[PDB]
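Engineer: A single structure is presented below for examination.
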Amino acid sequence: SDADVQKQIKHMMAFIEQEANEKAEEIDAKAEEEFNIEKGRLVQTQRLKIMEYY
Amino acid sequence: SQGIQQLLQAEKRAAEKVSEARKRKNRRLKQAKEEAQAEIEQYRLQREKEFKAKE
Amino acid sequence: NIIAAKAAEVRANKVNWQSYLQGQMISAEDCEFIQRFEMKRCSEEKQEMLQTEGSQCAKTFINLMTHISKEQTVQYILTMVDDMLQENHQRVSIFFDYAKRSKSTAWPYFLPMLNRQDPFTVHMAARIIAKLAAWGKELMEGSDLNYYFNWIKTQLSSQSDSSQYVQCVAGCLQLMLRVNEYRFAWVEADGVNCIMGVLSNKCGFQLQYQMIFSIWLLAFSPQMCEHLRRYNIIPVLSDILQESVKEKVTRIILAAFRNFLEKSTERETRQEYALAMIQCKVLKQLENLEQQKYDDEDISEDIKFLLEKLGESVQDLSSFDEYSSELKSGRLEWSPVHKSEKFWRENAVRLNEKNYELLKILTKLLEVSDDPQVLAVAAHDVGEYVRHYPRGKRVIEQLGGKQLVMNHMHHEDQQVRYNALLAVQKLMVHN
Amino acid sequence: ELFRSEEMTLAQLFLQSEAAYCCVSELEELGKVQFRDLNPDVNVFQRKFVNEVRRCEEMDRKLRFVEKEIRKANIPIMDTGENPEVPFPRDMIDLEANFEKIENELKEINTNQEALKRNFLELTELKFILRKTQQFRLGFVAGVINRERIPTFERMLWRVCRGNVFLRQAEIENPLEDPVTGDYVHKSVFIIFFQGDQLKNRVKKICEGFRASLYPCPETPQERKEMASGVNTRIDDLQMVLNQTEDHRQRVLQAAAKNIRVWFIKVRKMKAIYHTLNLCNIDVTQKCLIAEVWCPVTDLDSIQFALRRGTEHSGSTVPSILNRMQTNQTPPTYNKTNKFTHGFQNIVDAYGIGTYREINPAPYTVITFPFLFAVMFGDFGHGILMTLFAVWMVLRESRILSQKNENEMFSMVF
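See the structure below:
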């Protein structure tokens, strides 16, 4: 029936939008690790200069 | 067919969401150098208190 | 899949809160707050309510989940808290503030809901716990962490609604593994060995991605990259690259492989992983992927990264010094150097060094070795030595190696016979 | 009913990428669907499955090479069993590694067999050359030639040298094989003696001129014994390796003579599948394949079953369900046929194809064409002879169907 086709269309539309959220979590979790590393680089760099000064 | 039209609109929204997520998370990565200062100042304050205790 | 459909049925199936107040199961404040949740609908109205009355917000939801045995009601309350936090992760602070006011961690308010009978209810508990624990500044630790991880491992290892509930288990684990403390804490779980089993048992592509995504999270830490070598990750994931069509599965495997070669503590451990990838056909699988185009270029960048790093490993192993080292230690084990055409073409003369030392080793191994693999490798090397340096034929005869390969061409193993036959054929090519 | 062309439906489907391969294969086993091409830009590098088709194209060439070598050796191909398509997982890559294994084994083993056989024959000549030469500042050369060249060879030595050369020809105890043609020829040894380097170059130049095979030899009978022991060692070695070389070649060809039928079916099916998948398209954000087809209305269920079967044989749950279309062009014209009706349809179709649902001329033709032909051709004796031949073709049909397609005249009447 055209209604069962529409249920398949809805399922496929929801599926790619769920995949978008999973890809966004992939981009996010990667970028959080890069963020943690980049924050850590500058923290340890200035923390060494602070330790040397004191 | 309306099915391919609706499917392409969901697939377009999906592509937009991940492209916007890339731009958001790239901008967030640039904030790491500004957010670092909150810990850096605490390490300064910790060494300063220890230094005063040594005096 | 099914949990989202069930959550929508549960949002339609609203309960009469006033009957729980009339039956004395809940307080007037709990009933009045949860009734206002169904009237404060816009983002501002919700935010004003929860931010102004945060202690009562936590108290309401905790009481209504805890004191009610009616499963359909606890499905609804768990759906509303999952939604409330899904709209904004900052809202976890309400439950942590109530836990601090009540002189407790937050976990004991939610952890009892993992013991419910309804599968959707316990997975909705797992979801709200995963949000609370992964986005919260308070850390789940000790008995609470072990209990929730044991719940995850128990449900995950059970692997169509059953498999779709297990996708929700994997999603809960993926949220948790965002936190580095939870990543290291999970290393002690056999759940990684369970994942290797479930992948080896050919589960659906959705679970393949969700499991391998969890492995990719572990692969960000240098220490875990060294420690997790025990699980034989690459053999499994390389078969998944050959078998599964899906770009998501492909991409996350490429990212995991990239993470192992990038993040491992030592060049030797990076090379150990790259060697295992070369052995597990990964270079050839990458070449077939590299020529393709995709809606996401991160696949191509990870392919180029891996092919470069495996290329460096091939060039490193192609050194005559590595060949000499493997021979000196007797490690004749199909290392990529044995079939590097560049190595033999440009260096085969070096085997004559220290009065034929390496050739003496090959002939000694062909005389002494029982292992058909070592014999076959030694024969292969004699054949390639002659192939790229035909002057060596007379030396191999002088060392007795001609007779040894002529014995081994009648060995009980076809792989020995084949390599011995190639070797003896090259020895008889010219005078 | 076959009085008119059968009802056809244009349909569109959304095809799940992992199941897609299995779906197309079930549809090709069903054999009731025609794919609409969605790619006017399709070409060798624009076809979405470049590598998969290219792998199939090369794998077929590898099969052709191996099969020809087996057929040149007259080794019987097994040609047995019925084989399904290769699965959607790229086990075809492990098959390609097996194809390369056989190919490289045959190339290497043939190359080695030829070289070793040549060396063996050359040392066989050298055994006789040494044995004859051992009977004898001077200089000399020695070698072997086909006996028929000796008169011109000897006369040219007596012409290039001004009447001065010592020669002894000696016949071999048996003819010896030519390394290229395999001809066993009655060759003879020769030894030529002279003084000085000037004569050395003349005798050598004439030996090269008649393509005579020269060989080195020691100066004395005593050193010739040591050389003959070396030759015995090398020729015995060559025999031992030739035995296993030929044995291995035989194993490789024998294994391949079984594998080829299976591998041929597998590769040809894969190529057809991937070629069909190249008719589907993917827009700038698209994930599920767009495809469109013509199918008989009676068999929309048969294709929907085939689509479900493809999914059930795959790592996914999506049934890839189709819809009927409304923006319809005129569908391709079809009629079901059997052994009897097929020929009578072909003689209409050869002139023209009806529009959709048009009256079919063929059922009327089944009798009317035989009747008019018989009115033109009517003779009792020819009627018997024609009947006997047609009956023979039917009663031996199972045997006759195996015969060569290249006889187009016989294929027409059959």
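Those protein sequences? They're chains I, M, P and a, same order as listed. Residue numbering for the first sequence follows PDB author numbering, starting at 4 and increasing by one per position. Residue numbering for the second sequence follows PDB author numbering, starting at 5 and increasing by one per position. Numbered per PDB author numbering, the third sequence spans residues 17 to 175, 192 to 463. Numbered per PDB author numbering, the fourth sequence spans residues 3 to 138, 167 to 444. C-beta atoms are modelled at their ideal positions from N, C-alpha and C, and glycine is treated no differently.
Would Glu20 (chain a) and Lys278 (chain P) be called neighbours here (beta carbons separated by less than 9 Å)?
Structural biologist: Yes, the Cβ-Cβ distance between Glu20 (chain a) and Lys278 (chain P) is below 9 Å.
Engineer: For the alpha helix (DSSP H) that contains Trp218 (chain P), what are its first and last residues?
Structural biologist: Taken as a continuous stretch (DSSP letters only), the alpha helix (DSSP H) holding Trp218 (chain P) covers 212-218.
Engineer: Under the assumption that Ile303 (chain a) contacts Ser27 (chain a) (Cβ atoms under 8 Å), give the Cβ distance between them as a whole number of angstroms.
Structural biologist: 6 Å between Cβ atoms; contact.
Engineer: So, for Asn114 (chain a): in the same chain, excluding its five sequence neighbours on each side, which residues have a beta-carbon less than 7 Å away from its beta-carbon?
Structural biologist: Cβ within range, chain order: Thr275.
Engineer: Output the distance between the C-alpha atoms of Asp213 (chain a) and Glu207 (chain a), rounded to the nearest integer angstrom.
Structural biologist: For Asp213 (chain a) and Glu207 (chain a), the distance between alpha carbons rounds to 5 Å.
Engineer: Going by C-alpha distance, which of a:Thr211, a:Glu203, a:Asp43 is nearest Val219 (chain a)?
Structural biologist: Checked all of a:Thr211, a:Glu203, a:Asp43; the closest Cα to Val219 (chain a) is a:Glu203.
Engineer: How far does the beta strand (DSSP E) with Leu12 (chain a) in it reach, from first residue to last?
Structural biologist: Run containing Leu12 (chain a): 10-17, per the beta strand (DSSP E) assignment.
Engineer: Taking the DSSP output, what are the residues bridged to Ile30 (chain I)?
Structural biologist: Paired residues: none, contrary to the question.
Engineer: Answer yes or no: do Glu127 (chain a) and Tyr245 (chain a) have a C-beta to C-beta separation smaller than 9 Å?
Structural biologist: Against a cut-off of 9 Å, the Cβ pair of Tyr245 (chain a) and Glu127 (chain a) comes out as a contact.
Engineer: Can you name the start and end residues of the beta strand (DSSP E) that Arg198 (chain a) belongs to?
Structural biologist: Where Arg198 (chain a) is concerned, the enclosing beta strand (DSSP E) stretches over 196-201.
Engineer: Please report how far the alpha carbon of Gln433 (chain a) lies from the alpha carbon of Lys288 (chain a), in whole angstroms.
Structural biologist: Cα to Cα, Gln433 (chain a) sits roughly 21 Å from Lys288 (chain a).
Engineer: Hey, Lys64 (chain a) and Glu116 (chain a) are a contact pair by Cβ (cut 8 Å); roughly how many whole angstroms apart?
Structural biologist: The pair is not a contact, with the Cβ atoms about 21 Å apart (cut-off 8 Å).
Engineer: Using Cβ-Cβ distances below 8 Å, what residues of the stretch 10-32 of chain a are close to chain I?
Structural biologist: Result list: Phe16.
Engineer: Please determine if the stretch 43-57 of chain I and the stretch 351-368 of chain a are in contact, where contact requires at least 3 C-beta pairs separated by less than 8 Å.
Structural biologist: The stretch 43-57 of chain I vs the stretch 351-368 of chain a: no contact.
Engineer: Can you pull the chain I residues whose beta carbon is under 9 Å from the beta carbon of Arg210 (chain P), in chain order?
Structural biologist: The contacting residues are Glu28, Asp31, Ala32, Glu35.
Engineer: Measure how close the beta-carbons of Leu260 (chain P) and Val224 (chain P) come, nearest whole angstrom, since I'm counting them as under 8 Å.
Structural biologist: Their Cβ separation, rounded to whole angstroms, is 7 Å, which keeps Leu260 (chain P) and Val224 (chain P) in contact under 8 Å.
Engineer: Roughly how many angstroms lie between the CA atoms of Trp123 (chain P) and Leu130 (chain P), to the nearest whole one?
Structural biologist: Spanning the two alpha carbons is a distance of roughly 11 Å.
Engineer: If I follow the unbroken beta strand (DSSP E) through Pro326 (chain a), where does it start and stop?
Structural biologist: Where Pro326 (chain a) is concerned, the enclosing beta strand (DSSP E) stretches over 319-326.
Engineer: Whole angstroms are fine: how far does the CA of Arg179 (chain a) sit from the CA of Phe240 (chain a)?
Structural biologist: Cα-Cα distance, rounded: 7 Å.
Engineer: Spatial neighbours of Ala287 (chain P) within its chain, please: CB distance less than 7 Å, with the 5 preceding and 5 following residues excluded, ordered by chain position.
Structural biologist: Around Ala287 (chain P): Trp248, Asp334.
Engineer: Got a sec, what are the start and stop residues for the alpha helix (DSSP H) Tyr57 (chain I) sits in?
Structural biologist: Where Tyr57 (chain I) is concerned, there is no enclosing alpha helix (DSSP H), given that its DSSP letter is neither H nor E.
Engineer: How big is the Cα-Cα spacing for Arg133 (chain a) and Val171 (chain a)?
Structural biologist: Computed Cα separation, rounded: 15 Å.
Engineer: Leaving aside the five residues before and after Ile430 (chain a) along the sequence, list all residues of the same chain whose C-beta is less than 7 Å from its C-beta, in chain order.
Structural biologist: Cβ neighbours of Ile430 (chain a) beyond the five flanking positions: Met423, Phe444.
Engineer: Identify whether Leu352 (chain a) lies in helix, strand or coil by the three-state DSSP scheme.
Structural biologist: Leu352 (chain a): strand per DSSP, three-state reduction.
Engineer: Verify the CB distance criterion: does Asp327 (chain P) have a CB-CB separation below 9 Å to chain a?
Structural biologist: Closer than 9 Å: yes.
Engineer: Return the residue from the list a:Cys58, a:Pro326, a:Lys34 that minimises the CA-CA distance to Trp293 (chain a).
Structural biologist: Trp293 (chain a) has its Cα closest to that of a:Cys58, out of a:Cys58, a:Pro326, a:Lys34.
Engineer: In the DSSP output, which residue or residues are listed as bridge partners for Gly173 (chain a)?
Structural biologist: DSSP lists a:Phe220, a:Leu244 as partners of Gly173 (chain a).
Engineer: So, is the C-beta of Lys62 (chain P) closer than 9 Å to a C-beta in chain a?
Structural biologist: It does not; no Cβ of chain a falls within 9 Å.
Engineer: Which of the three DSSP states is assigned to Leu206 (chain a) in this structure?
Structural biologist: Correct three-state label for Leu206 (chain a): strand.
Engineer: Taking only three categories from DSSP, how would you classify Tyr214 (chain a)?
Structural biologist: Residue state, collapsed to three classes: strand.
Engineer: To the nearest angstrom, report how far apart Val314 (chain a) and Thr76 (chain P) are at their CA atoms.
Structural biologist: Taking the straight line joining both Cα atoms gives about 48 Å.
Engineer: Would you mind working out which of a:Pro326, a:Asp39, a:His305 sits nearest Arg387 (chain a), comparing C-alpha positions?
Structural biologist: Of the listed residues, the one whose Cα sits closest to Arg387 (chain a) is a:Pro326.
Engineer: Using 8 Å for Cβ pairs, my map puts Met256 (chain P) next to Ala202 (chain P). What's the rounded Cβ distance?
Structural biologist: The Cβ separation is near 19 Å, so there is no contact.
Engineer: Closer than 9 Å, CB to CB, is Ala57 (chain M) near chain I or not?
Structural biologist: No, its Cβ sits nowhere closer than 9 Å to a Cβ of chain I.
Engineer: On the DSSP bridge assignment, give the partners of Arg6 (chain a) in chain order.
Structural biologist: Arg6 (chain a) is bridged to a:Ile389.
Engineer: Can you list, in chain order, the residues of its chain with a C-beta nearer than 7 Å to that of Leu390 (chain P)? Leave out the 5 residues immediately preceding and following it.
Structural biologist: Here the set comprises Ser356, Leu359, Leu383.
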